[PDB]
Structures are given as structure tokens and as C-alpha cells.
Amino acid sequence: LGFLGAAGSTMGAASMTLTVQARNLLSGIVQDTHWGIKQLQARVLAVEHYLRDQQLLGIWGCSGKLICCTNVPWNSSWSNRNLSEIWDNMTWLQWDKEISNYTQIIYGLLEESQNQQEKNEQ
Amino acid sequence: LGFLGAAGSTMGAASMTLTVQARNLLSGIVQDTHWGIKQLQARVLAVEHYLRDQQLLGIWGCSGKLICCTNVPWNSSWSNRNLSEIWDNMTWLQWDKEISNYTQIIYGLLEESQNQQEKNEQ
Amino acid sequence: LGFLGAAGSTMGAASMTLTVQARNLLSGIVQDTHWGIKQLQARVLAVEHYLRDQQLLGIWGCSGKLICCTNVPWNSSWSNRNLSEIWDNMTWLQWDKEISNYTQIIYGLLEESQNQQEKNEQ
Amino acid sequence: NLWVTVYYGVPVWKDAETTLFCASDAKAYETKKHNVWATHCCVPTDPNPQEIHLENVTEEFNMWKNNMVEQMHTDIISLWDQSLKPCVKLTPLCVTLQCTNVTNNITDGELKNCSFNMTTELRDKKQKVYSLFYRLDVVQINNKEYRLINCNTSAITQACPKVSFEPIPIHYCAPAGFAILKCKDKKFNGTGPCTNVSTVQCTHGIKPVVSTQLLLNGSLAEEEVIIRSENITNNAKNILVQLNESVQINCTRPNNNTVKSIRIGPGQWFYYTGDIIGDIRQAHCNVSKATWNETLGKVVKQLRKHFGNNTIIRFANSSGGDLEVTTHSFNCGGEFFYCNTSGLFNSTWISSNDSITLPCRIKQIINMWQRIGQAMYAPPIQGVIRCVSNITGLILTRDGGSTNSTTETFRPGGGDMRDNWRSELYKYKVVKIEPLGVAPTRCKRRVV
Amino acid sequence: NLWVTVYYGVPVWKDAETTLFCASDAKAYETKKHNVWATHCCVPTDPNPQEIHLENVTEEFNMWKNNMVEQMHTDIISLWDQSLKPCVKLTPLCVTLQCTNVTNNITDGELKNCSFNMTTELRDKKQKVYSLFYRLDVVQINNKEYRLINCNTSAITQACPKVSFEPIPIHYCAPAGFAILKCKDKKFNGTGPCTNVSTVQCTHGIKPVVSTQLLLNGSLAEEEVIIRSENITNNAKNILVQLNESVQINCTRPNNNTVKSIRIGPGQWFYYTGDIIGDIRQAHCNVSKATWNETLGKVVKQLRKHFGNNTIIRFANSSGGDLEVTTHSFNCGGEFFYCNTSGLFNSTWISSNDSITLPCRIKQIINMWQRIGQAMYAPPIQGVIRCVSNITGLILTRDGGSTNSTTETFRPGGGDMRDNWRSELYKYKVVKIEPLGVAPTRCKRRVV
Amino acid sequence: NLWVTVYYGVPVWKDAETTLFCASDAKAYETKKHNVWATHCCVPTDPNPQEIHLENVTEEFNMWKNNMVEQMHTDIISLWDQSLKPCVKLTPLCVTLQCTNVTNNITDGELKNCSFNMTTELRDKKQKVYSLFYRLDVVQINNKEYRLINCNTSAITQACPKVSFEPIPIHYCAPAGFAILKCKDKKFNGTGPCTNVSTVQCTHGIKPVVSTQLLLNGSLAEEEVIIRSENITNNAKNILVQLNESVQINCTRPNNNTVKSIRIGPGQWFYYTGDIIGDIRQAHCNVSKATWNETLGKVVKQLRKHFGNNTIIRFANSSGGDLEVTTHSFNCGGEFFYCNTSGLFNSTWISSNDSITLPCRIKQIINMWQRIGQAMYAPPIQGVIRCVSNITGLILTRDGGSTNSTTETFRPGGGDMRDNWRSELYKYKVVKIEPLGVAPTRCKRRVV
């Protein structure tokens, strides 16, 4: 559908194009006088954002996947919405707003669960 | 054989040194007045190239490997050369020229195949 | 315990917080006139160090793990200390000094072992 | 029975501020036109700028808090100053002048004939220079004694005569990791939700025209005249009026000049006005009367939708202040015009062209963007200048102080250049892509 | 039976050199105070700078090889020079002067009344300027002929009068990937192991005070006076003495000045001393006598721990050299004082305040950091200046050449500004984090 | 039955353009030699620059499209201009001069004895300066009136006398991700395939010698004289001739000068020629005759391989133009020589040294790289200058316009400095490494 073509799609359907957005994060690959310093800063910043997100996927055990399941249970306090509405009626934009106060909670739980798994694997 | 020591070797033998080249992509780790801005730009660019290639390996499911097999079949339209010539007589330099108009085709197929696999794994 | 809180802890206990330090390597994400060029250089350098270490974990087959075992045996010439002292009495700071002349040896062995494993997996 | 599933490459975004790339679209050759808008902004545009419609996406916009306005403002000022950096300084002109009135067929003491001792390429030699100045650039000290107006305040430099400042369309493009959202709602008033949104990597081209009071050569509104403001009822805010039609303005500087030049130092070429061929005429601008009359009648019809259809709307001229604020200032052929727009605003609305002519003044010493600091000297242009511009909009302000008589007064006020960029940039918003997120699934990780 | 296990995120580090961030802690507004220490260093501090104690960690420090000293030195000089870059040049002052002595109730030929032909905003006009100068800034050429002292060596520029150089605390912060280790040992002498170490991302704030011989407004030692040096027995090295108490010094420039200004070019404002209201008094500094006497007695008690308790310690004044070295130089209210510290060091120790007053000289032409090059002109300050500073330490040197008589001589020597930063930075070390490493485990990789 | 297998770390590459690092090889100390080629290019070289032979690798080279030439050109010009940036400006010299002829034992009106009113460190004082100039730097205005030649065109600055421009070998090194391919084919003519290729991270050191017509102090060809050109039959292209032997040239400036200096401003030191001790002699260069004769005979033998062995080859002098083009220009001891090379090209070939002396002219005002803009003033050098250079090659051009008489004419033309760098850089090419690629294998991914 093209970049962000799925933005208005529901979450289930939207997942069909995850590679579309992933490939547009490092598109900067195609793209003294302060004009030069500003452009260079933009390039460095894009790299830093890419790596920060990639590191988290690494930490959580999902470094090689667009979609991955974990061992952390879902809290009804985050969302008690019907699973079918979440995937078939709701969009990702709406969803992000709906659970926006929990991102840091979920991420902390993911970090702990993965570390425990690795401890046990050894 | 040292960096690019295998450049004239046939493809099979050349694969024995893949770590040699991989380690020379981030060698920049050892390496206002515009002299400074030019050097800084070179460093940023090397990082961007590294990441663009690493991202593709990620997308295709080969992020952790120097060599990986996929589920995409080989087309005779790309090359109908005997498999034994490809690995025992041909070099990688020759090979890249031989199939140079297909790199973007193969990459698109790899992206689709991996995304389908992950969809099914869930 | 917080960043480097475990620095004086023994090696076993210290491993319990590996995610604490990992997350502080890309913290630069939160952080013309030469003041600007100096800050930009610092940011680029932090990225380069991150990637150099991440690449090695990649090369050795441990890209997705904080802790990973390999197929390379331990040499008594590196350390003949009791395994129990290493994990229960010794700290990582002491340990790094204790085996400091072997880091490049161990890394070379890891590179070879992983490459051999991949050769055989194909 | 549900577990967290992590998804990467999720098509969502957040409001953000960043730095945009400047692209030229190859309308000028840097080396043939020597256009400041072509150099620096040397990034090519996308020959196939495919736009992506976002189906079922509702987003909110706010043109008054749009960071792209500040970005354009900062970059234009910087470009301008960099462009003048290597040019010849005219500080040797801060000498006394002996001046008289022009000895020609002149009807309006607009021109001063001055002489002075100017430097030469050698330190031991001086030369007599004779030139004409517009009175606005020259002030008295006490065959009368005059000095240039800038000499008690700041350095003056000459614009390089070889450099063009003629605006070309400029496209702004997002850096990787960012995207630009464009609102297509025909009635969008600058704020609130828009349900017709598409994503582009680049904005359309906007010409960086400097025009103070009247918005020239911009885009047109579709269907209706659109009146936008930060606050309808705040008389301290400007009202930006975008027309859905255009008004042609013919501006001329009729005096045929002979331009002369001398060296005033080692390769330091200085240009001056020389003299005038033929008689003397006043600079002026022509607007068809019927067109102007309809233009404001349409504006009134729309203003009444905010103030009441039983109201009275009158237009009046500038309230006062410096010429840079009270007159219509624009660049026509490299020349700087200050036109008397009072001829356009002498009318009240209640429940064969016969063009209106606005007299104009000319200045050579220009203080850009209301800064106190270095002045630019605009060299004279050989011959006669004529151009035709499109009024695409107006900036209006209300006096306020109303007693609810309904007789509200509007004036061609404002003058802050940021508003003349806001008037085009209002269609675009920039956001950051946030590809990582989570959702519940009926899936658990294989247990290890 | 053991195999290599690779661990990532290991809490270890190595000595390293890097670039630190400068944070202001919001003590001044950049736009209201126009403080050079607030601008540029605009990074905010952490409102909750949580410190992490490192339990059971022993580390070694060396203040004499501490790269943070060089970093502070380089950054201060650069900031200073950048701050003066846009200011008015005073090269038109290198003209001859006609000077006489001040016609006032003066007891000490300290002030010269000079006149000269100064430039104006027009090249055709000169103006007579009358001003007073301190004799240290003016030298003879052959109603007598004088010139400014800097004119045969370098350009002189005026400090912008609107810019403050008053130091504010500055915090240094590590870039990501680095950490700062702080030593809390109360007896730390600058070198060797410290067993009380914590990690911070930022240092505490240090005020970049320039003070040569006496260390002003710094931190205090706890419990005891601490004497630190690179080498106790090397008479070529400085001894930094940190007091555990403070001495207040009251410095005044009593002459009430009328400050005047003229344009000497196009917006080029120049400030000068005008004249003096009232009588003439010598600049001076007051220290309580008992306090000073105890202060040195404590220093002696501690010096004896290195030289012997059966020794004799005498203090003497500066051995010789330029005022920038031999006097106590500091910035008080924008003014530059050069005080005669010999009044503080005329004493020997062996086995109702009655304040000591140090006469001071004033200079307007300042050569910062012992560089040969451009001089800064300090504009005069309207009115009368008074300030009170805290002596927090001393720089002492020994003469050496000892015959072991035990009568060792100490002087207020040194003068190298790096030492006045070292005196605060000694508590901190910066290291690089090295997260990757290996150890044996009784674990083998699953065989594939 | 075959599937795609992806391989990473594949040893292949593509043609690319990038930025190279400049390394000094520690031949000079930045702080002792003050050599512009040592500063900036402070990166050390590899003490063990291991080269890797590429077995069975054939690659194509093209010296005429080699981006390294442009890189060297841009960097040299920039270095030069940065090096002169902080030096004293000599714009106060654009004054009239009173000049006569030198009163000495001179045979050839080469030297002008001029006097002028120069500035001093004070604005109120002028000083009389007497100096000698070479006639090429001084032109008439109308005991005769003269001015410096640059004063009607551009600013002139003095090279800092403390700065050396003596070339040292410079090594260029690839940035990570790139590699340099070196061609070892002894007969390589600048274009097409080379079967003896090795990879290096750095080029060997090349001295950035500026020498116009004759290539000095470069590398030698092995086995045979090699003649390279973009197009053999294009008379608009230069022919670069690389000798396999060397010719020594002894160049001298015999006049023993006394160098004097004055302050012309606040630390603004100016150097001038003073006077001449002893008699006056013409600058000149000596080449052994037999050596030169053999050198061209070898060149002819090789030129005939392209034009026919039945042809006639004649050499002639420069066709005309400015001295910077028509004479042999080089830097010898800081001095700038313009030698008359016609003495080297007065010969035709058909089917006890007796050295040839070339008279030379000296210039102090130098326009580098055929730019119109600022000129560099070369200060005089105290004493007498002598140096010996190695001719390692020639630049020849053909007149063309041939009627196939076979009597072809070659001249010491060209003069474009890029060619004098191309002549060494021809051995190297830079490529980008492309580590990622695919190939078929009889392997399928485990199915999941």
C-alpha cells in the first residue's frame, strides 16, 4: 500500500506491511557551512533512533523478528477491550493512544522476563 | 589470506574467509575546520552502509549468520550455469556481474518469503 | 542496583544486572561553532563503539543474548583459578585484569569456532 | 490467556520538530543564473513525487504552532546573509556629501544630486564621484551637508550585482525517519481536524517571496476566499486572507538610468546611479479598479461570517510607523519598492479599467527583516524596470477598541515575514515515525 | 570441562580521555544576564543527580595527569575568545596621545590625563577625546608624548559592555558510554588509591574563577588543611593548598568614575573613563589580621608533616616577573585588579580586626592566559566597585637551593591557570565502559 | 532443486568516489618545521603497510577519470589558502611608488629601486621605506610613478615567513569500507586492464610539488620511457611523459640579499628586499647537455611508436601566453622562479658537461593555480638560494594542424596542475566494498 498506506487500517491488516515501514527507517542511505552540519546531525540522529529501538528488540529477545511473542501476560488494566475488536476494528494509531500510559510498564516487564529466561537457559 | 585475499578465488573457496571482510567494515573504529567535517562525514557514512546491509539480513531472517539458506527457489532466468561451475570455477567478482540485473529481484523475493514465514510462525 | 551498582560485586551476582549496563550504552539518545562539532563527534563515536561490540557478538553467534555459551574450551594458561572462586569471590574488575593478555586470543578462537559451525550447518 | 506480542514496523506517528532538506527542482542553473535560491539548495527533487492517500485517517493541524514556519524563517535569513558575505563593503561611503536638487524635468524634491571624495585603488588618491540618491537614503548633517542614513548605526555592504535574489519554488523534504502530512480539506481554516490527509516526503514548491502587506505570487484558495487567524476576536493578531482568484499589479520604475561604476579599492567595485535619461517620473503600481473592488467585496462577505451579516466593514490605510511596515514593500527586478497602499483601502461595505495607481517610493539602503544591524545596498539597475505581480492574499488587522457599533475597521497591517510563509505552509505538518509497539495476542512464546 | 562463556553488559571500565558536556544549572538567564557562562553552556542539569555508591570498589586517581584539567582549560579559553569576537575593535586608538598628570587631590603619578584625535562615524571628521588612564596601560613614545602599551605588539578589542563574565557554577557531564568516578576520601592528596568511590554522570558545579596566586571562591577541605603537589621535593612544582576554612577579602576601587561614550565608527561604540568625582584614592584589599595569621599557621603545621616538625618555615613575597605573575590578579565587578600580596607573606614560624591592607593597581589592557596576541580592553565601570571574595586556597612554591638549614622559603608563585582548575577537578576521573568480556563456565553450547 | 543462499562478507567491489585521509609519515615535526604539509595532515602512517597481492584478479583503470586527482587538487588549494589565512595583509602597500634603476654592476633594467610612504604602528606616523623590486611585480601609473601590479585587481597578503611550503611525501588512505587497488604493470599506459593488482589501505607517499612544464621530483618509470595521454591523436590533450631516468637541474638565485623588516601596524610585520651585496647576476638553471640530449632522444624514440618510425619530431618552445604558462614555474627555497625553457626545446630528430643554461625571472607577487583573486607575496630570502631538482618527466603538447608532412611539433605546454598529480596517482584506483550477495546452493532453509 506504500509507506504508511496501512495507517488507517485495522491492526490485523496493518501487520501485513510491517516491512514497508522498517525499510524506510534507514532510507537516509539514499538521501564548515552550517548547512552541512545540520544535514549531518539529522543523519546521526536517525541512526541513533534506529539503534535505540533495535537494542530494545535485542533486549527483549526479538532482534530478528518483525513479530514476536513473549512470556509476559497481558493486563486488563492496560486494556480490557475484546481481542477481536483490537485486531479487527481498532487501528494502530488509536491503539497507541489507548494504551499510551503503559508503554514503559510493558517494556520493563519484557526486560525482566527475557533476562530471567536467559538465566534459566544457561 | 588477508582482506580481499580471496578476491580472485572461486566462490566456494572464497566463502572460507567471510569473517575477514566482515571485520573490515567497522574498522573506522581505529581510524569548524572543514578537514574535520569531511572526516566526520566519512565515518557517518560508513555506519549507514553497515546498517543498511545489516537491516536487510535482518529482514530476510539471516541477521546472525554469514551464510544462510532461504525458502526462495533459484531461477534459471537468473543463471542456468551448472552448480558446480558456480562454486568451483567462477569467482565472486564474475558472479556479481553475471547476475547483476537480478539483485533487486532476489531481494524482493527474500523479503516476501521471510514475511510469510513469520506470519505463519505466529 | 543502578548503573555500575554491581561493579564491586562478584562475577556471579554481577551478571544479574547485565541489562543495566547494556541500556546505558545508547543513552546518548536522550543527551559551525566548534561546540557543535565536538558534541556531534562524541555521538558518532558512541555509535561506532556500540556497533563494534555488537558486530563481534554477531560474529561469535551471540548477537541476541546477554549470556551465551560457545564451543571453545577454557585454557588453564589463561586462568587456572578454581571455578568457584571465579564466580563467588572474584569481581569482574579483578577478572578483567587477571586475564587481560588473553582477550585477543579468546576472541580469535571464538571467531574460528563459529565460522566452523556455520560451515557445517550448511 | 493473552500475552504481549511485540510488533516492529507499525505505521504510527507523533508530532515532532526536525530539520528539513531544501530542494531546487532544477528551475535554475547555479552557474548560469547565480541565483541564491539555486545554490545551497542544490538537492534535486523527486521527478515522480508519489503521494500516498491515507484512507480513514483523521489528524489535527495547527498552522499557528507549525514549526515549519520557524524553519523557513531561519533558513531564509541565513541564506541571505551568507549570500552577501563575500561582497564589497561600502564603508568608505560614510563621508560627507555636498548635495543639490536634480536639474531636470521633475515635478516631485525626491532626488538629490550629490558629490563626494571617494577612495580609489591607491591610498594616495581620491576621486570625485557624482551620483543621484533617493531622498530616503540621505539625511542632513546639520551645496548642503548630507550623509548616508546608515552611517551612524551600522556597516553597509553592496549586494553583489551578479547575484540574483529572484525566488524560485523551493520544496522541503523530510529527513529519513520523518514524514510530512498534507491536509487537503478545501475549507481548512488553519486549525483542528482534517479528514483528507495524504503523506508526502516533500512539500510542493513554495516561492520565498518577500512582500509585507500583500501576499504576492502565492497559491490560491479553491472555491472560496478563506480567512484564517489564530484568534478571530483578538485584535492583536493578524488575519491572513487567501483569495481564490488573483489580482494583477503592474509596477514600474520609469526613469531610465545610466549605471556607472568605479573601483574604490583593490577589485572593490562600486556601483552607482549615474544619471537619468529623459524626464523624471514617479514610481508607481497599477491595479484594475473593478478587480480590486470585487476582491474586497468578497473578503467582506466572508468577514461577516465571523462578525455578523448585519455589520459594517470599513477599510482604512496603515495606522503609522516606518515605511517597512506602513507601505507595501517588495522586490521588483532587484529594486526595492515602498508603495502607498492607502489607495487600496478607502472603502466601506454595508448590508476602461480605470486602474488605481499607487505612488511608490524607492530605497537603496535596505534593512531586512526589521533587524538593527548591517544594511544592504541595492545597486541600481540599468534601464527601466517593470514587472507584474499576482496578489494572492492580504494581511489585515482590526483596530479593536470596539463599542459594538458594528463599524469595524480593517487595515493592511502585520509586516512580520513569518506570516507570509505561514500562509503557504499551513497545509503541512511533520511527524516522527514510531515503528515499535505492542498489542495482546492469543500467543505465548515457546517456553524454554 | 570448562568453556568460554561470553557476557555482555559487564560493569567494568578503563582509563580514558573524552569530551565532556557543559551544563549551566539554570542560575542565569542567557537573555537577561548576557553571561558568557550561561550561553553556549545551555545544557540543563539533572534536577535529581542521583549518585551511585560503589560498594567494595578501590580505584586509583592522579590529579596531575587528569585530562579534565586540559579540557577545562581549552574550553575556557575558547569561550572567552568567542565571546569577544563580535565586539568593537579599538585599533583606531593607536594614535599618539598628549598627556599630563591628573589635577586632583591625589597622593599617589598613577593617573594620566590624555587627549587625542579619535575617529568619528564619518571619515572626514575627527573628534577630541579626553580620558584618564592608569599609568600601566600607557607608555612613552620618546604635554608629553604617549601611546597605548599594546600598539607595538597586537590588536586591541573592547569587551562588549553588555556582556558579563561573572562565573556561575558549571557542571561537566559524561557523554554516553563514559562515566565519572568521584573520590570521597577526606584525606585524598591527589594521588593513589581511594576506597570511597561513587559514580556520577556529572561533576558538581565548579565556578571558573580566574585568580592566579590565591584561590578564590572554591570549595573547602573538610577536617584539615590539605597540601597537594605532584612532587613534594621538587621545587619546580607548585604546591596547592586547600583550606578547610575561609578568609574574607574586601576589595575596593574607591574612585567614583563618570563613564562616557562616543561613536568611533558606524555603530562602533567606545567607552572611556571620563573623569573622577571626589578625591583620588588607591585601590586596595582588606584581610582581617588574626584570620590571616591563623590561616598560615595551619598551613605551616601541615607543611611540617612533609619537611619535619623541627623545621623553620618562612613566607616571602613574589620573586619577580610581570604583574600578571607577581601580583594577585582577579576580576572584581568587571574590573581587573593586581594586588600587592607581599603584605600577606612576611612571616616566619618556628618550633579590632587590624586588617592588613594590600595596595592594588588597576589595568584596563588585559592579556589573558599569558598569551602574546590580542589584548582585551576592559571598559570602565560607572560608579564605585566593591566586592568580597573567599580565599579558599593558596599556591605556594619553594625556592629550593636548600643546604638543609631547615629554613625553607615559600612564596605565592605559580600563576598557571590550569592549577586553579586542577584544585577542584582533582576529585573526579573519567573512564570508558567496557561491557564485553568472557569467563569460564561449566557450560557448553548445544552442539550443532 | 536449488535455492537462494545469502552470503555476507563476500570479497567484491564497485567503482566509487570518496574522501581520503591525509597521512604525514612523520618526516617533519609540526612544531619545529612549521611545514604546512605536516600540520593538518597529522595522521601517522602505517609503519608496516602490508600490501595484499590479488591472485588471478584482472581490473580496469583509467587515469583520466580518476577521482583521486580531483581530490588532491581540491585539498591542496584549500590547505594553501588556510595556511595563509592568519598572515599579515599587505594592502597598505597599494600606494604610489617613486622608482629609479638600481645603481650597481648590473648588465640586465631588471631591478627597480623604489621608495614609498608606508604605515607604522601608529595612525599618525608614516615612514619612508626603500626596497628593490623585480620589474615583473611593478607597473607604471601613467623618479617615475609606479604601483604594485596587483593593486587594481585584488588584495595581497604576505606569506608568513615562519611557514614552510616545502613538500614532504603524503600518503592517502582509504576510509573504512573502501580499498585502494594498485596497478603494477610496468607498461601500464593509464588505461585499460591491468593483471598485476594489489590492495593497499594507503598509497605510497607523493610529494605535492608544483612545477608546471617539467615534472620534478616525482617517481620514475621502470624499463622504458612511458608516454601517456587521454587521446594520442587529440592535439587538445596533454601528453605526460614519464622518464625512466632523471635529469639534475641546478637552479640558482645568485644575488646576496639583505632582508629588512618593519612594523606596518600592531604586530604586523612586513618583510622587504633591502639591498644587494656584491654585483648583480641573473637567476638561472643548469642542465648537462648530453643528459638532456639523450633524454629527448629517448622520448622521440617512444613518440614514434604512436606516430610512425618514418616521422620527424621537432621540439619547439612555448607558443605564447602568461609567464605562469610559458615558463617553467617552480618553488626553490621559498623563491618563485620562472625559467625560460626555450633553451631545452630547439631540436629535431629524423630517421665537460657544457651545461645548457636557462635564464630565469623572479617574481614576488604570485597568483596560484591560475585564479583571479588574492595574490600571495613571497617575502625575500636572506642570502643566496641554490637547489637541485630532478626532472622526472615532461608535459608535451602537439600543435596539430598537420598536413601529414610527418614533421610534427611538440611543445612544453599544458600548465594545468591537475596533470602533475595525475602523473603519480595513475597507479591507484579506489573502490567500495560490497560484502552482501547471493548464489544458488543445493540447500533449503529448514521449513517452519
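Going by the order they are written in, the chains are A, B, C, D, E and F; count residues from 1 in each one.
Quick note on the criterion: a residue touches a chain if its C-beta (ideal position, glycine included) is under 8 Å from a C-beta of that chain, and two chains touch if they have at least 3 such contacts.
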item	value
Number of hops, chain A to chain F, where each hop joins two touching chains	2
Between A-B and C-E, the pair joined by more C-beta contacts	C-E
Interface residue identity across copies chain E, chain F - same or different by half	different
Whole-Å gap separating chain C and chain F, where each centre is the average of the chain's CA atoms	51
Whole-Å gap separating chain A and chain D, where each centre is the average of the chain's CA atoms	42
Averaged-CA centre spacing for the pair chain C and chain A, given as whole angstrom	26
Residues of chain C whose C-beta touches two or more other chains	18-19, 22, 25-26, 28-29, 32, 34, 37, 40-41, 43-44, 47, 49-50, 61, 63-67, 69, 121-122
In chain D, residues with contacts to at least two other chains	5, 441, 443
Chain F residues touching chain E - in the complex, by the definition given at the top	121-125, 263, 266-267
Chain B contact footprint on chain C (complex, rising order)	32, 34, 37, 40-41, 44, 47-49, 51-52, 55, 58-59, 61, 63-64, 111, 115, 118-119, 121-122
Residues of chain C defined as touching chain A within the complex	16, 18-19, 22-23, 25-26, 28-29, 32, 36-37, 40, 43-44, 47, 50, 63-67, 69
List of chain E residues in touch with chain F within their complex	91-92, 94-96, 117, 147, 150-156
Touching residues (chain side chain F, partner chain B) in the complex	2-13, 18-19, 21, 40, 50, 52, 54-57, 78, 82, 175-177, 179, 199, 433-445, 447-448
